[PDB]
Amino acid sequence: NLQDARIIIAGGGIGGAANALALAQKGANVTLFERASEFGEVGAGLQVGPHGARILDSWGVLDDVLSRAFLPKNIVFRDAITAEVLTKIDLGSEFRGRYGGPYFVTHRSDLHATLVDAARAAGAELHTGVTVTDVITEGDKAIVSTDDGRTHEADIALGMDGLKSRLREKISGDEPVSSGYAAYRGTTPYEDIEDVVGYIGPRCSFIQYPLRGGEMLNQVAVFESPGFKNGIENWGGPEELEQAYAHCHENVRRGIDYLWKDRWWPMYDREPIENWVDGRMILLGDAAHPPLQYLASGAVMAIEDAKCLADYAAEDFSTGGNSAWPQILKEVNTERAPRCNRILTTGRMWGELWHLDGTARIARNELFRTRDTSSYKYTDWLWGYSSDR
């Protein structure tokens, strides 16, 4: 366990929250600083596969999350031009047995609030409206600076400040890499859908799934922005959606009418990095490994990061104390980097596979149609992973 240890977390997204929970359940003294004036997430959906669900269950929050979630029966891929089914991934009891948990979908806002609340319950001290301005290591401590002029000492600091992480600059000068694709979301108060459906087409895709016991439908449009390639600064705006989808089936074109249009998510990732550690600071979540969303595992990775850190630290700290932290951070980095970096790189290829045109589309469609649906070789690496040693 971790009662002698103090950890400061910079950032209160799903990642920071999950880490606060995991670490506080082990008895650690956790202080989290979130820049925003309140905790909150987008009132739209995310998908959480069993690689995340198993971990939420281990923290005792799964039943509660599920009470407000939806359990899809399948993931269904369809051709975006014809609407024909290409293949399904069955999410039933055989899937759940193999992977240790359900594939579920829920609101981001609810998952985030549930983690925050549980982190509070377990003894984590969460502070909104506080920005971390610097983190250094001096001797056997992380020294964290905040925007109110104060400095705080801890045994380690977690850099969990997202895709646009400034703390990542301590380790890497890289910039986000544009995919050239943008994402729009919508929910609409709810032919019928009880699955995650993904329509995959030339330079575009469209995803639908139910939320909250089937009352609402989550919709997401991902498309190649011509403005990006043309050098537009604020690229992927909604003027682009009609042409992006014009070649698709009616089922998909109808969907576009529900998207929220006042806001969108231009899709960027970063090139994978092996080293996440700077003294007694470690980058986790998107600050370390921000993906493109095709594997629906960014938030999941962050949740995995939390389980790994807390587990490995509870294992090592009880025998080595606060002197052990640099070895613990190294071990966590060693475990997590190959996993997450494969998700980054594979995710790029997987999205490219969605968006193929011409003959490449014809080959892709046939590949998906003819597969051995009883094999798990395309998904075990993702859903069957665990950090447990």
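The numbering used is simple: start at 1 and walk along the sequence shown.
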Check the residues of the deposited sequence separating residue 190 from residue 191 and report how many of them have no coordinates, as none, 1 to 3, 4 to 9, or 10 or more.
4 to 9
Which is higher in the entry, the mean Cα B factor of 82-90 or that of 206-214?
206-214
Mean B factor on CA atoms, stretches 146-154 and 168-176, record says higher is 146-154
Residue with highest C-alpha B-factor in the PDB entry, from 101, 272, 159, 231
231
From 277, 197, 267, 244, the top C-alpha temperature factor is at 244
Mind checking which third residue 288 falls in for C-alpha B-factor across the chain?
lowest
Of the three thirds of Cα B-factor ranks in this chain, residue 253 occupies the highest
Consider only the C-alpha atoms of the modelled residues in this chain, order them by B-factor as the entry records it, and name the third containing residue 45: lowest, middle or highest.
middle
In terms of the chain's CA B-factor thirds, is residue 239 lowest, middle or highest?
highest
By the record's CA B-factor, is residue 7 among the lowest, middle or highest third of residues in the chain?
middle
